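Asks: Next up, input-v9.txt (compact mmCIF, N, CA and C atoms).
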# COMPACT_ATOMS: atom_id res chain seq x y z
N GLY A 1 173.09 132.62 109.48
CA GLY A 1 173.02 132.10 110.83
C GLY A 1 173.54 133.08 111.86
N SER A 2 172.98 134.28 111.87
CA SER A 2 173.40 135.32 112.81
C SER A 2 172.45 135.39 114.00
N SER A 3 171.15 135.36 113.71
CA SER A 3 170.14 135.43 114.76
C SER A 3 170.42 134.41 115.85
N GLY A 4 170.72 134.90 117.05
CA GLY A 4 171.01 134.02 118.17
C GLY A 4 172.13 134.54 119.05
N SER A 5 172.29 133.94 120.22
CA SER A 5 173.33 134.35 121.16
C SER A 5 173.98 133.14 121.82
N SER A 6 175.23 133.30 122.24
CA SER A 6 175.96 132.22 122.88
C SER A 6 176.91 132.76 123.94
N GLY A 7 177.53 131.86 124.70
CA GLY A 7 178.46 132.27 125.73
C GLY A 7 179.62 131.30 125.89
N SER A 8 179.46 130.33 126.78
CA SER A 8 180.50 129.34 127.03
C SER A 8 180.41 128.20 126.02
N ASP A 9 181.52 127.48 125.86
CA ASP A 9 181.57 126.36 124.93
C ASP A 9 181.58 125.03 125.68
N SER A 10 180.40 124.58 126.08
CA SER A 10 180.27 123.32 126.82
C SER A 10 178.80 122.97 127.04
N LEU A 11 178.48 121.69 126.88
CA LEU A 11 177.11 121.23 127.06
C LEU A 11 177.07 119.97 127.93
N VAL A 12 175.88 119.39 128.08
CA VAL A 12 175.72 118.19 128.88
C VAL A 12 175.72 116.94 128.00
N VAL A 13 176.66 116.89 127.07
CA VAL A 13 176.78 115.75 126.16
C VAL A 13 176.50 114.44 126.89
N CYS A 14 175.78 113.54 126.22
CA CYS A 14 175.45 112.25 126.81
C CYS A 14 176.09 111.11 126.02
N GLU A 15 176.20 109.95 126.65
CA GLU A 15 176.80 108.78 126.01
C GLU A 15 175.77 108.03 125.18
N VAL A 16 176.23 107.02 124.44
CA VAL A 16 175.35 106.22 123.61
C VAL A 16 175.04 104.87 124.27
N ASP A 17 173.90 104.80 124.94
CA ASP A 17 173.49 103.57 125.62
C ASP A 17 173.92 102.34 124.82
N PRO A 18 174.38 101.30 125.53
CA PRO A 18 174.83 100.05 124.91
C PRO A 18 173.67 99.26 124.30
N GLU A 19 172.50 99.37 124.92
CA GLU A 19 171.32 98.66 124.44
C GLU A 19 170.80 99.27 123.14
N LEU A 20 171.09 100.56 122.95
CA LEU A 20 170.65 101.27 121.75
C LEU A 20 171.67 101.11 120.63
N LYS A 21 172.94 101.35 120.95
CA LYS A 21 174.01 101.23 119.97
C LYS A 21 173.72 100.11 118.98
N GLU A 22 173.30 98.96 119.50
CA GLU A 22 172.99 97.81 118.66
C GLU A 22 171.79 98.09 117.77
N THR A 23 170.74 98.64 118.37
CA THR A 23 169.52 98.96 117.63
C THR A 23 169.84 99.63 116.30
N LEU A 24 170.82 100.53 116.31
CA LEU A 24 171.23 101.24 115.11
C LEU A 24 171.95 100.30 114.14
N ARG A 25 173.00 99.65 114.64
CA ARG A 25 173.77 98.72 113.82
C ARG A 25 172.86 97.70 113.14
N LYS A 26 171.76 97.37 113.81
CA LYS A 26 170.81 96.40 113.27
C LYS A 26 169.86 97.07 112.28
N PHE A 27 169.36 98.24 112.65
CA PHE A 27 168.44 98.98 111.79
C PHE A 27 169.04 99.20 110.41
N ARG A 28 170.32 99.55 110.37
CA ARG A 28 171.01 99.79 109.12
C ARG A 28 171.13 98.51 108.31
N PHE A 29 171.13 97.37 109.00
CA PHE A 29 171.24 96.08 108.35
C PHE A 29 170.13 95.13 108.82
N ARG A 30 168.93 95.67 108.96
CA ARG A 30 167.78 94.88 109.41
C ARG A 30 167.30 93.95 108.30
N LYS A 31 166.47 92.98 108.67
CA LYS A 31 165.93 92.03 107.71
C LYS A 31 164.60 92.51 107.15
N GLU A 32 164.47 93.83 107.00
CA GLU A 32 163.24 94.42 106.47
C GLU A 32 163.50 95.08 105.12
N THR A 33 162.43 95.57 104.50
CA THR A 33 162.54 96.22 103.20
C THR A 33 161.48 97.32 103.05
N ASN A 34 161.04 97.87 104.18
CA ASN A 34 160.04 98.93 104.17
C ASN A 34 160.53 100.15 104.94
N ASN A 35 159.66 101.15 105.06
CA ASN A 35 160.00 102.37 105.77
C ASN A 35 159.79 102.21 107.27
N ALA A 36 160.82 102.52 108.05
CA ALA A 36 160.74 102.41 109.50
C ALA A 36 161.39 103.61 110.18
N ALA A 37 160.96 103.90 111.41
CA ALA A 37 161.50 105.02 112.16
C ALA A 37 161.90 104.58 113.57
N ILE A 38 162.91 105.25 114.12
CA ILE A 38 163.39 104.93 115.46
C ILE A 38 163.58 106.20 116.29
N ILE A 39 162.72 106.38 117.29
CA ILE A 39 162.79 107.54 118.16
C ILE A 39 163.56 107.23 119.44
N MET A 40 164.65 107.95 119.66
CA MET A 40 165.48 107.75 120.85
C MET A 40 165.48 109.00 121.73
N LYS A 41 165.54 108.80 123.04
CA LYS A 41 165.55 109.91 123.98
C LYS A 41 166.79 109.86 124.87
N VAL A 42 166.94 110.86 125.73
CA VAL A 42 168.08 110.92 126.64
C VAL A 42 167.62 111.03 128.09
N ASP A 43 168.06 110.08 128.91
CA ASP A 43 167.70 110.07 130.33
C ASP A 43 168.60 111.01 131.13
N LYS A 44 167.98 111.99 131.77
CA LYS A 44 168.73 112.96 132.58
C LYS A 44 169.32 112.30 133.82
N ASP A 45 168.81 111.12 134.15
CA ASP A 45 169.29 110.38 135.31
C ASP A 45 170.60 109.66 135.00
N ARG A 46 170.70 109.12 133.79
CA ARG A 46 171.89 108.40 133.37
C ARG A 46 172.64 109.18 132.29
N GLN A 47 172.21 110.41 132.05
CA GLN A 47 172.84 111.26 131.05
C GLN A 47 173.33 110.43 129.87
N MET A 48 172.46 109.56 129.36
CA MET A 48 172.81 108.71 128.23
C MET A 48 171.62 108.55 127.28
N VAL A 49 171.91 108.48 125.99
CA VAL A 49 170.87 108.32 124.98
C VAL A 49 170.35 106.89 124.94
N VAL A 50 169.06 106.73 125.24
CA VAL A 50 168.44 105.41 125.24
C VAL A 50 167.21 105.38 124.35
N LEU A 51 166.99 104.25 123.68
CA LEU A 51 165.85 104.10 122.79
C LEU A 51 164.56 104.53 123.48
N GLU A 52 163.65 105.13 122.71
CA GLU A 52 162.38 105.59 123.25
C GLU A 52 161.22 104.83 122.61
N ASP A 53 161.31 104.60 121.30
CA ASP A 53 160.27 103.89 120.57
C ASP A 53 160.77 103.48 119.19
N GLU A 54 160.06 102.54 118.57
CA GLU A 54 160.42 102.05 117.24
C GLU A 54 159.19 101.66 116.45
N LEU A 55 158.95 102.36 115.35
CA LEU A 55 157.79 102.09 114.50
C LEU A 55 158.24 101.58 113.13
N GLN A 56 157.51 100.60 112.60
CA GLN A 56 157.83 100.03 111.29
C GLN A 56 156.69 100.25 110.31
N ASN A 57 156.99 100.10 109.02
CA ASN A 57 155.98 100.29 107.98
C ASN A 57 155.18 101.56 108.22
N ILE A 58 155.88 102.68 108.39
CA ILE A 58 155.24 103.96 108.62
C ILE A 58 155.72 105.01 107.62
N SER A 59 154.79 105.83 107.14
CA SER A 59 155.12 106.88 106.18
C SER A 59 155.68 108.11 106.89
N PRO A 60 156.23 109.05 106.10
CA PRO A 60 156.81 110.29 106.63
C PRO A 60 155.74 111.23 107.18
N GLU A 61 154.48 110.81 107.10
CA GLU A 61 153.38 111.62 107.59
C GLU A 61 152.93 111.15 108.97
N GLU A 62 153.11 109.86 109.24
CA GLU A 62 152.73 109.28 110.52
C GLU A 62 153.75 109.61 111.60
N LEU A 63 155.03 109.48 111.25
CA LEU A 63 156.11 109.76 112.19
C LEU A 63 155.91 111.12 112.85
N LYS A 64 155.61 112.13 112.04
CA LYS A 64 155.39 113.48 112.55
C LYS A 64 154.29 113.50 113.60
N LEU A 65 153.31 112.62 113.43
CA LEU A 65 152.19 112.53 114.37
C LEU A 65 152.63 111.85 115.67
N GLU A 66 153.54 110.89 115.55
CA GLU A 66 154.04 110.16 116.71
C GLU A 66 154.92 111.05 117.57
N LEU A 67 155.60 112.00 116.93
CA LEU A 67 156.48 112.92 117.64
C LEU A 67 155.68 113.89 118.51
N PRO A 68 156.32 114.41 119.57
CA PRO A 68 155.68 115.35 120.49
C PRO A 68 155.44 116.71 119.85
N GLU A 69 155.15 117.71 120.67
CA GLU A 69 154.90 119.06 120.18
C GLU A 69 155.83 120.07 120.86
N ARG A 70 156.44 119.66 121.96
CA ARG A 70 157.35 120.52 122.70
C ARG A 70 158.35 119.70 123.51
N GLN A 71 158.89 118.65 122.89
CA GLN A 71 159.85 117.79 123.55
C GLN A 71 160.93 117.32 122.57
N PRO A 72 162.18 117.73 122.82
CA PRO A 72 163.32 117.37 121.98
C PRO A 72 163.68 115.89 122.09
N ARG A 73 163.96 115.27 120.95
CA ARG A 73 164.32 113.86 120.93
C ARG A 73 164.93 113.47 119.58
N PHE A 74 165.53 112.29 119.52
CA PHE A 74 166.15 111.81 118.30
C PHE A 74 165.20 110.90 117.52
N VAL A 75 165.29 110.96 116.19
CA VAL A 75 164.43 110.15 115.34
C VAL A 75 165.16 109.74 114.06
N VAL A 76 165.25 108.43 113.83
CA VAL A 76 165.92 107.91 112.65
C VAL A 76 164.92 107.29 111.68
N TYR A 77 164.54 108.06 110.67
CA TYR A 77 163.58 107.59 109.67
C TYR A 77 164.30 106.97 108.47
N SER A 78 163.78 105.85 107.99
CA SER A 78 164.38 105.17 106.85
C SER A 78 163.41 105.12 105.67
N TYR A 79 163.57 106.06 104.74
CA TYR A 79 162.71 106.13 103.57
C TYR A 79 163.21 105.19 102.47
N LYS A 80 162.35 104.94 101.48
CA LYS A 80 162.70 104.07 100.37
C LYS A 80 162.65 104.83 99.05
N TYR A 81 163.82 105.09 98.47
CA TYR A 81 163.91 105.80 97.21
C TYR A 81 164.20 104.84 96.06
N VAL A 82 163.45 104.99 94.97
CA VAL A 82 163.62 104.14 93.80
C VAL A 82 164.34 104.88 92.68
N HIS A 83 164.87 104.13 91.72
CA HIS A 83 165.59 104.72 90.59
C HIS A 83 164.73 104.69 89.33
N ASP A 84 164.68 103.54 88.68
CA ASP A 84 163.89 103.39 87.46
C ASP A 84 164.26 102.10 86.73
N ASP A 85 165.56 101.92 86.48
CA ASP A 85 166.04 100.73 85.79
C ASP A 85 165.65 99.46 86.55
N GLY A 86 165.21 99.64 87.79
CA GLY A 86 164.81 98.50 88.61
C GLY A 86 165.58 98.43 89.91
N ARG A 87 166.15 99.55 90.33
CA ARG A 87 166.91 99.61 91.57
C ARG A 87 166.26 100.55 92.57
N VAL A 88 166.15 100.09 93.82
CA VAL A 88 165.54 100.89 94.87
C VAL A 88 166.28 100.72 96.19
N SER A 89 166.78 101.82 96.74
CA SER A 89 167.52 101.79 98.00
C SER A 89 166.81 102.62 99.06
N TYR A 90 167.10 102.32 100.32
CA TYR A 90 166.48 103.04 101.44
C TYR A 90 167.49 103.98 102.10
N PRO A 91 167.47 105.25 101.68
CA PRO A 91 168.37 106.27 102.22
C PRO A 91 168.03 106.64 103.66
N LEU A 92 168.74 106.03 104.60
CA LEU A 92 168.52 106.29 106.02
C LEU A 92 169.04 107.67 106.41
N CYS A 93 168.20 108.44 107.09
CA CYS A 93 168.58 109.78 107.52
C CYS A 93 168.31 109.97 109.01
N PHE A 94 168.91 111.00 109.59
CA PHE A 94 168.73 111.29 111.01
C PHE A 94 167.84 112.51 111.21
N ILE A 95 166.60 112.27 111.61
CA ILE A 95 165.64 113.34 111.84
C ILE A 95 165.65 113.78 113.30
N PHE A 96 166.18 114.97 113.55
CA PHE A 96 166.25 115.51 114.91
C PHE A 96 164.99 116.31 115.24
N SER A 97 164.14 115.73 116.09
CA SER A 97 162.90 116.38 116.48
C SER A 97 163.16 117.44 117.55
N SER A 98 163.21 118.70 117.12
CA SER A 98 163.45 119.81 118.03
C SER A 98 162.48 120.95 117.77
N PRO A 99 161.37 120.96 118.51
CA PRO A 99 160.33 122.00 118.38
C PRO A 99 160.81 123.35 118.89
N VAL A 100 159.96 124.37 118.74
CA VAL A 100 160.28 125.71 119.19
C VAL A 100 159.52 126.07 120.46
N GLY A 101 158.86 125.08 121.04
CA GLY A 101 158.10 125.31 122.26
C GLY A 101 158.68 124.58 123.45
N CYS A 102 159.80 123.90 123.24
CA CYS A 102 160.46 123.15 124.31
C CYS A 102 161.33 124.07 125.15
N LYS A 103 161.90 123.52 126.22
CA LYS A 103 162.76 124.30 127.11
C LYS A 103 164.22 124.18 126.69
N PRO A 104 164.99 125.26 126.92
CA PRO A 104 166.42 125.30 126.57
C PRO A 104 167.26 124.38 127.46
N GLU A 105 166.66 123.91 128.55
CA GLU A 105 167.36 123.03 129.48
C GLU A 105 167.46 121.61 128.90
N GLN A 106 166.42 121.20 128.19
CA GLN A 106 166.39 119.87 127.59
C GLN A 106 166.99 119.89 126.18
N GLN A 107 166.43 120.73 125.32
CA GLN A 107 166.91 120.85 123.95
C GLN A 107 168.43 120.68 123.89
N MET A 108 169.12 121.29 124.85
CA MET A 108 170.58 121.21 124.90
C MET A 108 171.04 119.77 125.09
N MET A 109 170.38 119.06 126.00
CA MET A 109 170.72 117.67 126.28
C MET A 109 170.78 116.85 124.99
N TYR A 110 169.88 117.16 124.06
CA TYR A 110 169.82 116.45 122.79
C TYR A 110 170.72 117.13 121.75
N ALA A 111 170.81 118.46 121.84
CA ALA A 111 171.63 119.23 120.91
C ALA A 111 173.12 118.94 121.12
N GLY A 112 173.47 118.57 122.35
CA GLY A 112 174.86 118.27 122.66
C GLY A 112 175.19 116.80 122.47
N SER A 113 174.19 115.94 122.65
CA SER A 113 174.39 114.51 122.51
C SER A 113 174.01 114.04 121.10
N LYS A 114 173.38 114.93 120.34
CA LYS A 114 172.96 114.62 118.98
C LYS A 114 174.11 114.01 118.19
N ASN A 115 175.21 114.75 118.09
CA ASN A 115 176.38 114.28 117.36
C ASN A 115 176.82 112.90 117.85
N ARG A 116 176.77 112.70 119.16
CA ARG A 116 177.15 111.43 119.76
C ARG A 116 176.24 110.31 119.29
N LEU A 117 174.93 110.49 119.48
CA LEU A 117 173.95 109.49 119.07
C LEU A 117 174.06 109.21 117.57
N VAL A 118 174.14 110.27 116.78
CA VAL A 118 174.24 110.13 115.33
C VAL A 118 175.52 109.39 114.94
N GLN A 119 176.65 109.88 115.42
CA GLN A 119 177.94 109.26 115.12
C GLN A 119 177.91 107.77 115.44
N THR A 120 177.12 107.39 116.43
CA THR A 120 177.00 106.00 116.83
C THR A 120 176.29 105.18 115.77
N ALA A 121 175.21 105.72 115.23
CA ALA A 121 174.44 105.04 114.19
C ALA A 121 175.15 105.10 112.85
N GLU A 122 176.17 105.95 112.76
CA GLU A 122 176.94 106.11 111.53
C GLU A 122 176.05 106.63 110.40
N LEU A 123 175.36 107.73 110.66
CA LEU A 123 174.47 108.34 109.67
C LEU A 123 175.14 109.53 109.00
N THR A 124 175.46 109.38 107.72
CA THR A 124 176.10 110.44 106.96
C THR A 124 175.11 111.55 106.62
N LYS A 125 173.83 111.26 106.78
CA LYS A 125 172.78 112.23 106.49
C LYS A 125 172.05 112.64 107.77
N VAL A 126 172.15 113.91 108.12
CA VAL A 126 171.50 114.43 109.32
C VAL A 126 170.73 115.71 109.02
N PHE A 127 169.44 115.72 109.37
CA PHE A 127 168.60 116.88 109.14
C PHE A 127 167.95 117.36 110.44
N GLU A 128 167.59 118.64 110.48
CA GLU A 128 166.97 119.22 111.67
C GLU A 128 165.62 119.83 111.32
N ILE A 129 164.56 119.30 111.93
CA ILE A 129 163.21 119.79 111.69
C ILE A 129 162.80 120.80 112.76
N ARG A 130 162.50 122.02 112.33
CA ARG A 130 162.08 123.07 113.25
C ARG A 130 160.73 122.75 113.87
N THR A 131 160.08 121.71 113.37
CA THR A 131 158.78 121.30 113.87
C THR A 131 158.26 120.08 113.12
N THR A 132 157.49 119.24 113.82
CA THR A 132 156.93 118.04 113.22
C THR A 132 156.33 118.34 111.85
N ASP A 133 155.51 119.39 111.79
CA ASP A 133 154.87 119.78 110.54
C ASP A 133 155.85 119.67 109.37
N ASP A 134 157.09 120.08 109.60
CA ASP A 134 158.11 120.03 108.57
C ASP A 134 158.27 118.61 108.02
N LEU A 135 158.24 117.63 108.92
CA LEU A 135 158.37 116.23 108.53
C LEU A 135 157.24 115.81 107.60
N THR A 136 157.41 116.08 106.31
CA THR A 136 156.40 115.73 105.32
C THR A 136 157.00 114.90 104.19
N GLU A 137 156.18 114.01 103.62
CA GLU A 137 156.64 113.16 102.53
C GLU A 137 157.55 113.92 101.57
N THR A 138 157.19 115.18 101.31
CA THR A 138 157.98 116.02 100.41
C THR A 138 159.24 116.52 101.09
N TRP A 139 159.07 117.33 102.12
CA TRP A 139 160.21 117.88 102.86
C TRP A 139 161.27 116.81 103.10
N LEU A 140 160.84 115.55 103.10
CA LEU A 140 161.76 114.44 103.32
C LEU A 140 162.45 114.04 102.02
N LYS A 141 161.65 113.66 101.02
CA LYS A 141 162.18 113.25 99.73
C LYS A 141 162.98 114.38 99.09
N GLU A 142 162.73 115.61 99.54
CA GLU A 142 163.43 116.77 99.02
C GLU A 142 164.90 116.77 99.44
N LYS A 143 165.13 116.48 100.72
CA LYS A 143 166.49 116.44 101.26
C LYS A 143 167.29 115.31 100.63
N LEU A 144 166.62 114.20 100.35
CA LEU A 144 167.26 113.04 99.75
C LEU A 144 167.59 113.30 98.28
N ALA A 145 166.57 113.70 97.52
CA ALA A 145 166.75 113.99 96.10
C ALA A 145 168.09 114.66 95.84
N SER A 146 168.20 115.93 96.24
CA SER A 146 169.43 116.69 96.04
C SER A 146 169.35 118.04 96.75
N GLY A 147 169.50 118.02 98.07
CA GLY A 147 169.45 119.25 98.84
C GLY A 147 168.11 119.95 98.72
N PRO A 148 167.67 120.60 99.81
CA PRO A 148 166.40 121.32 99.85
C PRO A 148 166.42 122.58 98.99
N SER A 149 165.39 123.41 99.14
CA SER A 149 165.29 124.65 98.38
C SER A 149 165.69 125.85 99.23
N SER A 150 166.81 126.47 98.87
CA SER A 150 167.31 127.63 99.60
C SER A 150 167.54 127.29 101.07
N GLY A 151 168.24 128.17 101.77
CA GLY A 151 168.52 127.95 103.18
C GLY A 151 168.84 126.50 103.48
Please express what this file holds, its structure, as structure tokens.
Replies:
Amino acid sequence: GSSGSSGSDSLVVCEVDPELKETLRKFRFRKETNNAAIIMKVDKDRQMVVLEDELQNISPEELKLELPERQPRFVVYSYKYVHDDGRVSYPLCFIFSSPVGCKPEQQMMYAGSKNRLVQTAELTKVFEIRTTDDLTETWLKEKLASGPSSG
């Protein structure tokens, strides 16, 4: 992690909207049993993270399509992993949608509030996708299984 440059230690960290905070607490304990995703954004007007969209019964291939191509935002995908003996749990993870074609003025808004939004949802698993394309059934199940491959 050398490639890159920095200067001052401060960003435009945003708060965790009250209307959203619940969305997370509920998502983690929702009355569902399928794969669902939650895309949240940050309003520059209220410098606070607010829900943007919520899709249910969607695969790791559709979410990537729902995401933009040059706009940073938060995304909480809930996959369903099975065992074998007859046990299946849904390992909720935090998918940070951060493309390489967006502006450094916005990306920061999410890069600085990311920890805040995540910490709010209480997600022990957080991943960063360099691009929607990355968000693939595999690239996803790979992180859950047991860490990705190299890097």
Asks: Can you pull out the residues contacting residue A:128? Cut-off 10 Å, using only C-alpha atoms, and skip same-chain residues under 4 positions away; I want them as a list in words.
Replies: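 The contact residues come out as residues 74, 94, 95, 96, 97, 98, 99, 134 and 135 of chain A.
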Asks: Please provide the set of residues having any atom within 7 Å of residue A:49, restricted to only C-alpha atoms, with same-chain residues fewer than 6 positions apart removed, written as a PDB file with N, CA and C atoms, keeping the file's coordinate frame.
Replies:
ATOM      1  N   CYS A  14     175.780 113.540 126.220  1.00  0.00           N
ATOM      2  CA  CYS A  14     175.450 112.250 126.810  1.00  0.00           C
ATOM      3  C   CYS A  14     176.090 111.110 126.020  1.00  0.00           C
ATOM      4  N   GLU A  15     176.200 109.950 126.650  1.00  0.00           N
ATOM      5  CA  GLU A  15     176.800 108.780 126.010  1.00  0.00           C
ATOM      6  C   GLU A  15     175.770 108.030 125.180  1.00  0.00           C
ATOM      7  N   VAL A  16     176.230 107.020 124.440  1.00  0.00           N
ATOM      8  CA  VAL A  16     175.350 106.220 123.610  1.00  0.00           C
ATOM      9  C   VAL A  16     175.040 104.870 124.270  1.00  0.00           C
ATOM     10  N   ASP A  17     173.900 104.800 124.940  1.00  0.00           N
ATOM     11  CA  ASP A  17     173.490 103.570 125.620  1.00  0.00           C
ATOM     12  C   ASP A  17     173.920 102.340 124.820  1.00  0.00           C
ATOM     13  N   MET A  40     164.650 107.950 119.660  1.00  0.00           N
ATOM     14  CA  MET A  40     165.480 107.750 120.850  1.00  0.00           C
ATOM     15  C   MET A  40     165.480 109.000 121.730  1.00  0.00           C
ATOM     16  N   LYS A  41     165.540 108.800 123.040  1.00  0.00           N
ATOM     17  CA  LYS A  41     165.550 109.910 123.980  1.00  0.00           C
ATOM     18  C   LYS A  41     166.790 109.860 124.870  1.00  0.00           C
ATOM     19  N   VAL A  42     166.940 110.860 125.730  1.00  0.00           N
ATOM     20  CA  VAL A  42     168.080 110.920 126.640  1.00  0.00           C
ATOM     21  C   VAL A  42     167.620 111.030 128.090  1.00  0.00           C
ATOM     22  N   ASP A  43     168.060 110.080 128.910  1.00  0.00           N
ATOM     23  CA  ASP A  43     167.700 110.070 130.330  1.00  0.00           C
ATOM     24  C   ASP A  43     168.600 111.010 131.130  1.00  0.00           C
ATOM     25  N   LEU A 117     174.930 110.490 119.480  1.00  0.00           N
ATOM     26  CA  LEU A 117     173.950 109.490 119.070  1.00  0.00           C
ATOM     27  C   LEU A 117     174.060 109.210 117.570  1.00  0.00           C
TER      28      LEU A 117
END
Asks: Got a sec: who's within 10 Å of stretch 138-151 of chain A, counting only C-alpha atoms, leaving out chain neighbours fewer than 4 positions off, as a PyMOL selection string?
Replies: chain A and resi 1+60-61+77+79-81+91-93+95+125-127+129+133-134
Asks: What does the distance from atom CA of residue A:131 to atom CA of residue A:119 come to in Å, to one decimal?
Replies: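 Spanning atom CA of residue A:131 to atom CA of residue A:119 is a straight-line distance of 22.7 Å.
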Asks: Give me, as a PyMOL selection string, the residues of stretch 17-140 of chain A that a backbone DSSP run labels helix (DSSP H, G or I).
Replies: chain A and resi 18-27+62-66+104-121+132-134+137-140
Asks: How many Å separate atom N of residue A:38 from atom N of residue A:130?
Replies: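 Atom-to-atom, atom N of residue A:38 to atom N of residue A:130, that is 16.9 Å.
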Asks: Please identify the strand (DSSP E) residues within stretch 19-90 of chain A (assignment by DSSP from backbone atoms) and present them as an NGL selection string.
Replies: :A and (36-43 or 48-56 or 73-78 or 81-82 or 88-89)
Asks: Can you list, as a ChimeraX atom specification, every protein, DNA or RNA residue that comes within 10 Å of residue A:59 when you count only C-alpha atoms, leaving out same-chain residues fewer than 3 positions away?
Replies: /A:34-37,55-56,62-64,77-80,136-137
Asks: Find the distance between atom CA of residue A:110 and atom CA of residue A:68 and write it in Å to one decimal.
Replies: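 Value for the atom CA of residue A:110-atom CA of residue A:68 distance: 14.4 Å.
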Asks: Measuring between all atoms listed in the file, which one of A:33, A:88, A:107, A:51 shows the shortest distance to residue A:20?
Replies: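 Among the listed residues, the smallest separation from residue A:20 belongs to A:51.
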Asks: Please complete stretch 73-85 of chain A so it has N, CA, C and O atoms, and hand it over as a PDB file, in the frame of the given file.
Replies:
ATOM      1  N   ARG A  73     163.960 115.270 120.950  1.00  0.00           N
ATOM      2  CA  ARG A  73     164.320 113.860 120.930  1.00  0.00           C
ATOM      3  C   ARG A  73     164.930 113.470 119.580  1.00  0.00           C
ATOM      4  O   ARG A  73     164.865 114.239 118.620  1.00  0.00           O
ATOM      5  N   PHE A  74     165.530 112.290 119.520  1.00  0.00           N
ATOM      6  CA  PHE A  74     166.150 111.810 118.300  1.00  0.00           C
ATOM      7  C   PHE A  74     165.200 110.900 117.520  1.00  0.00           C
ATOM      8  O   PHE A  74     164.402 110.172 118.107  1.00  0.00           O
ATOM      9  N   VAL A  75     165.290 110.960 116.190  1.00  0.00           N
ATOM     10  CA  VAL A  75     164.430 110.150 115.340  1.00  0.00           C
ATOM     11  C   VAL A  75     165.160 109.740 114.060  1.00  0.00           C
ATOM     12  O   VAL A  75     165.641 110.584 113.308  1.00  0.00           O
ATOM     13  N   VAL A  76     165.250 108.430 113.830  1.00  0.00           N
ATOM     14  CA  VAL A  76     165.920 107.910 112.650  1.00  0.00           C
ATOM     15  C   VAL A  76     164.920 107.290 111.680  1.00  0.00           C
ATOM     16  O   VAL A  76     164.512 106.139 111.844  1.00  0.00           O
ATOM     17  N   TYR A  77     164.540 108.060 110.670  1.00  0.00           N
ATOM     18  CA  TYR A  77     163.580 107.590 109.670  1.00  0.00           C
ATOM     19  C   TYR A  77     164.300 106.970 108.470  1.00  0.00           C
ATOM     20  O   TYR A  77     165.309 107.507 108.003  1.00  0.00           O
ATOM     21  N   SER A  78     163.780 105.850 107.990  1.00  0.00           N
ATOM     22  CA  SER A  78     164.380 105.170 106.850  1.00  0.00           C
ATOM     23  C   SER A  78     163.410 105.120 105.670  1.00  0.00           C
ATOM     24  O   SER A  78     162.532 104.262 105.607  1.00  0.00           O
ATOM     25  N   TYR A  79     163.570 106.060 104.740  1.00  0.00           N
ATOM     26  CA  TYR A  79     162.710 106.130 103.570  1.00  0.00           C
ATOM     27  C   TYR A  79     163.210 105.190 102.470  1.00  0.00           C
ATOM     28  O   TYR A  79     164.339 104.711 102.513  1.00  0.00           O
ATOM     29  N   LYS A  80     162.350 104.940 101.480  1.00  0.00           N
ATOM     30  CA  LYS A  80     162.700 104.070 100.370  1.00  0.00           C
ATOM     31  C   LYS A  80     162.650 104.830  99.050  1.00  0.00           C
ATOM     32  O   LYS A  80     161.572 105.166  98.558  1.00  0.00           O
ATOM     33  N   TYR A  81     163.820 105.090  98.470  1.00  0.00           N
ATOM     34  CA  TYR A  81     163.910 105.800  97.210  1.00  0.00           C
ATOM     35  C   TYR A  81     164.200 104.840  96.060  1.00  0.00           C
ATOM     36  O   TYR A  81     165.080 103.991  96.150  1.00  0.00           O
ATOM     37  N   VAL A  82     163.450 104.990  94.970  1.00  0.00           N
ATOM     38  CA  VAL A  82     163.620 104.140  93.800  1.00  0.00           C
ATOM     39  C   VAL A  82     164.340 104.880  92.680  1.00  0.00           C
ATOM     40  O   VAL A  82     164.422 106.109  92.688  1.00  0.00           O
ATOM     41  N   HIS A  83     164.870 104.130  91.720  1.00  0.00           N
ATOM     42  CA  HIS A  83     165.590 104.720  90.590  1.00  0.00           C
ATOM     43  C   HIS A  83     164.730 104.690  89.330  1.00  0.00           C
ATOM     44  O   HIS A  83     164.125 105.702  88.963  1.00  0.00           O
ATOM     45  N   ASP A  84     164.680 103.540  88.680  1.00  0.00           N
ATOM     46  CA  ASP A  84     163.890 103.390  87.460  1.00  0.00           C
ATOM     47  C   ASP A  84     164.260 102.100  86.730  1.00  0.00           C
ATOM     48  O   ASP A  84     163.398 101.283  86.409  1.00  0.00           O
ATOM     49  N   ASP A  85     165.560 101.920  86.480  1.00  0.00           N
ATOM     50  CA  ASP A  85     166.040 100.730  85.790  1.00  0.00           C
ATOM     51  C   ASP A  85     165.650  99.460  86.550  1.00  0.00           C
ATOM     52  O   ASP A  85     165.746  98.355  86.023  1.00  0.00           O
TER      53      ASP A  85
END
